[PDB]
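Observations on the three-dimensional arrangement
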Amino acid sequence: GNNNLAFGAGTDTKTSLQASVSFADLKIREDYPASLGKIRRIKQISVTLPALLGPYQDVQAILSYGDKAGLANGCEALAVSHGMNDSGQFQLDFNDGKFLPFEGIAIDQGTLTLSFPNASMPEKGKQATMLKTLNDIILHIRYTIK
Amino acid sequence: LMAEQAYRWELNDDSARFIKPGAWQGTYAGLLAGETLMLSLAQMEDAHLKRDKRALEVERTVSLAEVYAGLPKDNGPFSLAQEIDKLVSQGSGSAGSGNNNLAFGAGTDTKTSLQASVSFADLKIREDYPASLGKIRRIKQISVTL
Amino acid sequence: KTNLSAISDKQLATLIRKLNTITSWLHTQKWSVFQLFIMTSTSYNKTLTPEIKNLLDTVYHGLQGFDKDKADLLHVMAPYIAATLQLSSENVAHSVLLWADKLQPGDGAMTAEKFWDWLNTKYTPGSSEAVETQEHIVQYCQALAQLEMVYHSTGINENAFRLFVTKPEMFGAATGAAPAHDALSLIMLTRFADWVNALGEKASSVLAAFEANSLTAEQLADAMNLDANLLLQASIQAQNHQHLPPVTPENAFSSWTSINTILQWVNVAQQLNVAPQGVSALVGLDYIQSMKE
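Residues numbered from 1 in each chain as written, not as in the entry; some residues may be left out. Chains lettered and ligands numbered in written order. Part of a larger assembly, values for the part shown. Heavy atoms only, no water.

As stated in the entry header, the method of structure determination is cryo-EM and the reported resolution is 3.6 Å.

Looking at the PDB entry, one finds chain B named TcdA1, with Photorhabdus luminescens as its source organism.

In the nomenclature of the PDB entry, chain A corresponds to TcdA1 from the organism Photorhabdus luminescens.

**Quick notes on the sheet that holds strand β6 (residues 111-116) of chain A**
Residue and element names in this part refer to chain A. Basically, it comes down to this: By this definition, two strands are paired if DSSP reports at least two bridges between them. In DSSP terms, a helix is any run of H or I states spanning at least four residues, a strand is any run of E spanning at least two, and both are numbered starting from the N terminus. To get an axis, fit a line to the C-alpha atoms, keeping to the stretch in contact for a helix; angles then go from 0 to 180 degrees between the N-to-C directions.
Across the sheet, five strands lie side by side as β1-β2-β6-β4-β5; this open sheet has antiparallel pairing. At either margin of the open sheet sits one strand with a lone partner, and together these are β1 (5-7) and β5 (77-80). Each strand of the sheet is rotated relative to its neighbour by a mean of 20°, with strand direction disregarded. In terms of strand pairing, β1 meets strand β2 (residues 17-22) through three bridges, oriented antiparallel. Across the sheet, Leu5 pairs through a bridge with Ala19, a residue of β2.

**Looking at the interface of chain C and chain B**
Using the following cut-off: Only heavy atoms matter for contacts: two residues are in contact if any of them lie within 4.5 Å across the pair. Accessible area that two parts lose when put together, with a 1.4 Å probe and added across both, is what the buried area reports. Salt bridge criterion: a side-chain nitrogen from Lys or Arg within 4 Å of a carboxyl oxygen from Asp or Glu. Any pair of N or O atoms that falls within 3.5 Å is considered a polar contact. Within protein, one atom must be able to donate a hydrogen and the other to accept it, and sequence-neighbouring residues count only if both atoms are side-chain atoms. Here the nonpolar group is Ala, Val, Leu, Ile, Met, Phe, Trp, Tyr, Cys and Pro; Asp, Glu, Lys and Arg are the charged ones; every other residue, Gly included, is treated as polar.
Taken residue by residue, the interface counts four residues in chain C and six residues in chain B. Buried surface at the junction of chain C and chain B, both sides included, amounts to about 390 Å², of which 46% is carbon and sulfur. Of all residues in chain C, C:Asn54, C:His61 and C:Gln64 give up the largest surface area on contact with chain B, accounting jointly for 80% of the area buried on that side. Our count for the contact surface shared by chain C and chain B stands at zero salt bridges. Counting across the chain C and chain B interface gives zero residue pairs in polar contact. Considered class by class, the residues forming the side of chain C that touches chain B number no nonpolar, four polar and no charged.

**Quick look at the packing of aromatic side chains**
Short version of the rule: Stacked, edge-to-face and tilted are the three classes for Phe, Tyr and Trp ring pairs, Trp counted by its six-membered ring, which pair at centre distances within 6.5 Å; planes under 30 degrees apart are stacked, over 60 edge-to-face, the rest tilted. Burial classification: accessible surface area is computed with a 1.4 Å probe over protein chains only, and a residue below 20% of its type maximum counts as buried, one above 50% as exposed, and the rest as partly exposed.
Per the stated rule, a full pass over the model turns up 17 aromatic pairs over all chains. The interplanar angle of 70° and the centroid separation of 6.0 Å between the aromatic rings of A:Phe23 and A:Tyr65 together place this pair among those described as edge-to-face. Of this pair, A:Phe23 sits in helix α1 (residues 23-26) while A:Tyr65 sits in strand β4 (residues 61-65), and the two are 42 residues apart along the sequence. For A:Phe23, a relative accessible area of 3% gives the class buried. Note on A:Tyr65: relative accessible area 9%, which makes it buried. Feature note: the residues C:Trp99, C:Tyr151, C:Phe161, C:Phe164, C:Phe171, C:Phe192, C:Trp195, C:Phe210 and C:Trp256 constitute an aromatic cluster, connected by ring pairs.

**Points about the sheet that holds strand β2 (residues 102-104) of chain B**
All names here are of chain B. Reading across from one edge, β1-β2-β3 is the order of the three strands in this open sheet, with antiparallel pairing throughout. Looking at strand neighbours, the two that pair on one side only are β1 (94-95) and β3 (114-116), the edges of this open sheet. In terms of strand pairing, β2 meets β3 through three bridges, oriented antiparallel. Directly across from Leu102, in β3, lies its bridge partner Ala116.

**Topic: the pattern of salt bridges**
Pairs can form between side chains of opposite charge once their charged atoms are near each other. Under the defined criterion, the tally for this structure stands at eleven salt bridges over all chains. Between C:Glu132 and C:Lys122 there is a salt bridge, with its nearest N and O atoms 3.8 Å apart. With C:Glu132 in the loop between α6 (112-122) and α7 (134-154) and C:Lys122 in helix α6, this pair connects stretches of sequence that are ten residues apart. With relative accessibility at 56%, the residue C:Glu132 sits in the exposed group. Beyond isolated ion pairs, a larger network of salt bridges with shared partners links A:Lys126, B:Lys124 and B:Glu127.

**Points about the nonpolar core**
Stated formally: Among buried residues, the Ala, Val, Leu, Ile, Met, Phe, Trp, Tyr and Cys ones that are joined through side-chain atoms within 4.5 Å form a nonpolar core.
Among the nonpolar cores identified, the biggest contains 85 residues, and C:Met77, C:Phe115, C:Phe192, C:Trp195, C:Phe210 and C:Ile259 are the most heavily contacted of them. The element contributing the most residues to this core is helix α9 (residues 183-199) of chain C, with ten residues. Filtering out sequence-adjacent residues up to four positions away, C:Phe115 remains in contact with C:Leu56, C:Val59, C:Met77, C:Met110, C:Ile137 and C:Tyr140. Core analysis: the next-biggest nonpolar cluster, separate from the first, contains 25 residues, A:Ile28, A:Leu63, A:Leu71 and A:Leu78 among them.

**Thoughts on a nonpolar patch on the surface**
How we decide: Only residues whose relative accessible area exceeds 30% and that form no salt bridge are eligible for patches; like-charged ones are grouped when within 9 Å, while nonpolar side chains (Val, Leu, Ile, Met, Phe, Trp, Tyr) are grouped when within 5 Å. Computed by Shrake-Rupley with a 1.4 Å probe, the accessible areas treat only the displayed protein chains as cover when residues are assessed.
A contiguous nonpolar patch, built from C:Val268, C:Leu272, C:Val274, C:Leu282, C:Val283 and C:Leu285 and spanning about 490 Å² of accessible area, is present on the exposed surface. Topologically, C:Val274 is positioned in the loop between α13 (256-272) and α14 (276-283).

**Observations regarding the pairing of β6(A)**
Residue and element names in this part refer to chain A. Across the six residues that make up β6, a large majority, five, are buried. Where β2 and β6 come together, six bridges link them in antiparallel fashion. From the neighbouring strand, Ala19 faces β6, where its bridge partner is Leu114. Alignment of β4 against β6, held across four bridges, turns out to be antiparallel. Within the sheet, the bridge partner assigned to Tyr65 lies in β6 and is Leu112.

**Concerning the interface of chain A and chain B**
Facing the 24 residues of chain A at the interface are 18 residues of chain B. Surface buried jointly by chain A and chain B totals about 1800 Å² across both partners, of which 56% is contributed by carbon and sulfur atoms. In this structure, the connection of chain A to chain B is made through one salt bridge. With its nearest N and O atoms 3.8 Å apart, the salt bridge here joins A:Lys126 to B:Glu127. Where chain A packs against chain B, one counts two residue pairs in polar contact. Looking at the side of chain A that touches chain B, the elements that each hand over two or more residues are β4 and β5 of chain A. When its residues are assigned to classes, the side of chain A that touches chain B shows ten nonpolar, ten polar and four charged.

Encoded structure:
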């Protein structure tokens, strides 16, 4: 289901490796009493990769939310490269009028997926030798209660 | 028309022209002339707000010593170590070919200057990601470490 | 067009009556004959004028970037035409454009689509140049200005003018043809405007009931402060006698022509100070004919 790991489905993704998870399995609504507040919404999500990013070499990876309908254009995904508390943006500012990516997603619905371009070593994929080292993945969730 | 060039460069819509020549009319002493411009700028704003959406981010590191060392062998591949330290010592020379060469400056004030040329066509950065992630890729900044 | 040299006696008598009636109407309206000829003229001068040039510049600047599917061309073009040709209301210009499209003015039949395409392609504002189609454009613009001269001289209200343009049959013009600005139509339009003014404050409801197929004897009798029985009996008498065009119960108050015939019956009755049955008895006294007993 939503919690599998597999090769990309679409015709350009066939070299890409994606890891799918659902918030339903994160079960984050169990972290607090219900009477603290009935809705929980993401304000930001961020990633850390303890990948062995080479000397002036770094991973390319993309993660996206499957709703692709309720959230505005371009906010559906973010990209990660320096890989260490990497919010993805060149600068971030909670005071800016621009929403963050994922800002406003509820914490019980839809799917989160992390994807790696060119993972497949049979294609000599430009991440295969690095990604073969990868052993841990950390997400940092900023979610508000209101 | 300066705001219209800024628009036709923040987006790529070189065809879209919004300022029309009809704003002024000498028959009626040019009365009301500014309110047509006010309407035209309100269109230039609202079409930006609809078209413009969050552009994703990457930071790629590019090493010029690997770009020239990995040069396709139809041009002479060279590491900068053995040509910097002899094009310092001798007043002329070159290595590689075309946009990817290293040579002394051409122009009359550059003849003491050493330049290293590379093309984005050899950086091949469009191969870093699936095409369906987005059809245009644009620099936001470039930076150097020596 | 008809020649006096080869004409029937009855046709000459009819011509005399028409000339006398039109002259009396012009005297009542304080109109010169030349003004009537201008309002009824069909030939148009094919000469560019500064007013027409200004109209073309304004329309071209306003309609630039227009999209055909987004909105109707005529509705978008109406406000600029209203501004350039000295019209009080925008919807008057919309009605005038519909009427002009039905007439297809000029020697080269001109319409909104053709006019817009010519403006888009072959027009360069701010320069005096000779264009082969330019004479047809000038003729079309002149026709529009003339149809303004019609609207302002008649004095008719904006919505009855809209109704006249859209449904000439309601005004009894020949079915399936664009309404004529012929003097014969001008006199009936002036009489209609005068009758609406006579209805006074009731006119707002009477016209709305007239635009639907709703009007009846009682409502119109209340509007004109006449006896309801008088209108009912006038309608009955009009139905019994052979008018041309014929009057039938389902058009007797739907079409303006039937209303005009009924009101003529009422006016003649009140002139003689007798009921409409008196006029019905009078018109039976055709004693100098062989058609009937």
